[PDB]
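A.B. asks: Provided hereafter are the protein sequence and its experimental coordinates.
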Amino acid sequence: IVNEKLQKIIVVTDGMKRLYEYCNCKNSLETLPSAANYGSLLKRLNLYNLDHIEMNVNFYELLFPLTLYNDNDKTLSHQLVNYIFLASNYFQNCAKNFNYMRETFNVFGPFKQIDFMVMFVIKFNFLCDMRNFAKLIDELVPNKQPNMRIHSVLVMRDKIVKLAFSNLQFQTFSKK
Amino acid sequence: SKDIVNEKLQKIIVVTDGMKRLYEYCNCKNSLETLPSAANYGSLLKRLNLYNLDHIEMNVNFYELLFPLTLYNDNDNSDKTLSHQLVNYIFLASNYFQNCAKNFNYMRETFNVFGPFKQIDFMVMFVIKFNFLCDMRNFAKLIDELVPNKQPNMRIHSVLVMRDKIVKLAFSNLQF
Amino acid sequence: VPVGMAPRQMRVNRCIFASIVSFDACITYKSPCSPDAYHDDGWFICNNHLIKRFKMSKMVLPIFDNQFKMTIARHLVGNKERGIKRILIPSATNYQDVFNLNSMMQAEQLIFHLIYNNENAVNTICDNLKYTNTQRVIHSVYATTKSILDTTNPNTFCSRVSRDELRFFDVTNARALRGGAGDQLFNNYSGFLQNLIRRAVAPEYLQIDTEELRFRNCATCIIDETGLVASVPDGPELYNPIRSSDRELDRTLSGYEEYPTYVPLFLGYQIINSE
Amino acid sequence: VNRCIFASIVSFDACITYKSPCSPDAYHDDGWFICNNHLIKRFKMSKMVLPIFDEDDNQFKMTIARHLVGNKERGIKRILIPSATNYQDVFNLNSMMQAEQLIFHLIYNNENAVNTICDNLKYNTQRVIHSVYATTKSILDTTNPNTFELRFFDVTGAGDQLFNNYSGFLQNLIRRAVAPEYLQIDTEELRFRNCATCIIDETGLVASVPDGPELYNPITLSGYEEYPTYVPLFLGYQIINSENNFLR
Ligand SMILES: [Zn+2]
Ligand SMILES: [Zn+2]
């Protein structure tokens, strides 16, 4: 299985949006998630305990399926790399200011699971942007037999994102 | 917060108890002594093949997976060898993950011999994680339910950070 | 009286426009070339030609204990400059417009055509220069320009240019939409053009394995269809005090390692790793 | 004759140390009230200036400081100028002399600690501390605007409010180091930076940037000049009033 991941990502994102009755993909983001946009999302999330929330995104594998698209034609060859760097910077800022993000979201109706809420909104906004990009590139055909040489950039940015999440996790844990 | 982390610990115990019989594996005799072998999972691999296994993460959140254990009544001031045992456990877990990542291909041929199916790329990781979680359950059995609401330990957190950085880098290096 | 020993080896001028010579054997000409052209550096254009044509001046950015000094150029576009004036380096689709080829030496016109391909104009010029000595000048100019172009030619081998680096100077502005295409046009850009862009424009960030060094938190120039544009991405242009080429407070303020007033070129991430 | 804050530290005691660690630029009667050594060792900054242009023949050496903070510093290590709420925390009050502790207490409005230290030191020490008071308060009053140019640090007003919260000497230091990304020259607005190099917040001045990672700032092209790699301080929007080329 080297291609089913993309369609399963689409399906699981749709199912999660259904489960939490929220599909606000309209508010595409490039600076920082905010309660100004995701306050109702916080309220919806409070309905169900957010135990299944991870302190990382698995950047590389997460974005790997997007490479499958055929770009023989280039459009994807550069738009995808743009997206990779954008995601890298977005996660950098999110992890760097997670405390600021969580104080803000908590100020919006403090939640016992505030950290879960902030992480989930980060994940959800990223998934919305990713699905918008996937629609932008829905014309291209995903398939295996890859040879990119930009997945090396993907690996590098994934390492950077993992280190950022690592510092974030260390802060959260060490602060009791 | 760390109360949610205690909830995470109890949840992982109960959820291991749950899936070890929902899928009736409990390969609970194995440990992190060295690289696992398909010879101890043949039938378990057959049962795994009954399900699509792409719903798995290439990287391991070694941080969040092991942090809950750090919460224990170290204030008893009776068994500091318990904390040292935890340090040994975390370090050996990091080594186990690092070796699994380094020789992931080797395990790929192993499980090619054992159940040559496309899902082997996920079966290897599932075996790794499931054996690890059985070891976690055994470690939980060894330790006592002395989990406090909150507990700071700089040394343990630092060890976690430095070992998991290697772990995450190794997992990220799994290109394809 | 006369003295001579044997043929001698001397320096080499590395700027393309050094090959500019009047097509006249009876009327001598000497191109104005900065002595920097005689440095075995990536720069295949001398500071004089660079400033004269692309409105750019050479500069060095000494990044460091592990000091690896790297090349960089800087703006010479005035603050009030607009439109075509802002195109720091024209593209093949507009270089004819930006450069008044009609008012310059025909050798220079041929050189610029070679830089921007335009093989049709190149052939027209060669035919005109052949059907009229002038063939010798054809040979000299075209051979030198083509030699330099093939040397740059990043999309080949045997050229000593590609370092397997993956600099993305089309990196998103972080507020534009799904776009960029600067590197698409770069792919289309001539080899000398691409190498000039690489040398002149330093990356915003330097990525080394798992290390990212930040040098400019906002790009100073952009790449678009017209080519390299000396425009601030976010609107209001930076002030550029053009000084040359083309009081008591200060006396009180003795030397304090005064910061330069220039605007170097920052754009993109430069990706290099051990793999 | 020179000028240097913390150079007024006279050997009031016979306790720890004193050698007058003052950079020679203290003799330079610039707009600063602190010299290079003290600036570097108490705010992680280096004095610098900047000319502008000869279009109107101004070329004024605009005052500015250099970041001495790398991209790995966090929190306190990244704070350049602390607020009155955090200066005590960032500064090792137990390391510096009680004279410099008094200077910090005065400049940050901690007269309670000032009097506490005075009373403790009383047991020639009192008169020497009074001399320190005289020098420090003279400097503070000189910097204080309250006596006989819309340099917004927020517009490019919470930031301006924080700057105002700073003392006269501290406000002077902030305005001398920081350089607005925008400067109006009496009805002609000029942009000099497309981005900021520092941020003013509740904790005080921080060598940070609006977004992304921290600017990298560490401690054979021989035939070409060099461009400095360090990061100067940049923040705000200043407007010059109805005044001529006031080279005075
Ligand atoms: Zn020349
Ligand atoms: Zn001094």
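C.D. replies: In hand now; what should we look at? Numbers count the residues shown, from 1 in each chain, chains lettered A, B, ... in the order given. Ligands and ions are numbered 1, 2, ... in the order given.
A.B. asks: Pick out the residue in chain A sitting closest to ligand 2.
C.D. replies: Closest approach between chain A and ligand 2, counting by CB to the ion: residue A:96, at 36.0 Å. No exception for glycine: its C-beta is placed from N, CA and C like everyone else's.
A.B. asks: Report the spatially nearest residue to that residue, omitting neighbours in sequence.
C.D. replies: Spatial nearest neighbour of residue A:96, chain neighbours left out: residue A:164 (7.1 Å); criterion: CB to CB, 6 or more residues apart in numbering or on different chains.
A.B. asks: on that earlier part again, got the phi/psi numbers for the residue of chain A closest to ligand 2?
C.D. replies: phi -60, psi -40 (degrees, to the nearest 10).
A.B. asks: can you pull the contacts of the residue nearest to residue A:96?
C.D. replies: If you count contacts by CB atoms under 8 Å, 6 or more residues apart in numbering or on different chains, residue A:164 has them with A:91, A:92, A:95, A:96.
A.B. asks: Also residue A:138?
C.D. replies: Not one residue lies near residue A:138 by CB under 8 Å, 6+ apart.
A.B. asks: Determine the three-state secondary structure at it.
C.D. replies: When states are read from DSSP: H, G, I helix; E, B strand; the rest coil, the local structure at residue A:138 comes out as coil.
A.B. asks: Output the contacts of residue A:164 as CSV; include the columns distance to ligand 1.
C.D. replies: Formatted as CSV, the contacts of residue A:164 follow (distance: CB to the ion, whole Å):
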residue, distance to ligand 1
A:91, 47
A:92, 43
A:95, 49
A:96, 47
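A.B. asks: Tell me the one of these nearest chain B?
C.D. replies: Closest approach between those and chain B, by CB to the nearest CB: residue A:95, at 12.7 Å.
A.B. asks: pretty sure the closest one is touching residue A:162, no?
C.D. replies: No: look at residue A:95 against residue A:162 with CB atoms under 8 Å: they stay out of range, at 10.1 Å.
A.B. asks: quick one, which of the two is more surrounded?
C.D. replies: Applying other CB atoms under 10 Å in any protein chain shown to residue A:95 and residue A:162 shows that residue A:162 carries more neighbours, namely 25 against 22.
A.B. asks: Grab the nearest non-local neighbour of the more buried one.
C.D. replies: In space, residue A:162 comes closest to residue B:168 once its chain neighbours are excluded; the distance is 4.6 Å by CB to CB, 6+ apart.
A.B. asks: Surely the one you found is in contact with residue B:64?
C.D. replies: No: here residue B:168 does not reach residue B:64: they are 11.8 Å apart, not a contact under CB under 8 Å.
A.B. asks: how far away is the residue nearest to the spatial centre of chain A from residue C:20?
C.D. replies: With the centre of chain A defined as its mean C-alpha position, the nearest residue by CA atoms, centre = their mean is residue A:126, 3.1 Å away. Counting by CB to CB, to the nearest Å, the gap between residue A:126 and residue C:20 amounts to 54 Å.
A.B. asks: what about residue C:89, which SS state?
C.D. replies: With three-state DSSP as the basis, the three-state label of residue C:89 is strand.
A.B. asks: List the residues that contact the residue lying closest to it once chain neighbours are set aside.
C.D. replies: The shortest distance from residue C:89 to any residue that is not its chain neighbour, by CB to CB, 6+ apart, is 3.6 Å, and that residue is residue C:228. Under the criterion of CB under 8 Å, 6+ apart, the neighbours of residue C:228 are C:87, C:88, C:89, C:197, C:201, C:221, C:222.
A.B. asks: Am I right that residue A:132 is in a helix?
C.D. replies: Yes: using three-state DSSP, the secondary structure at residue A:132 is a helix.
A.B. asks: out of residue B:168 and residue B:64, which sits in the more crowded spot?
C.D. replies: When residue B:168 and residue B:64 are compared on other CB under 10 Å, the one with more neighbours turns out to be residue B:168, at 26 against 20.
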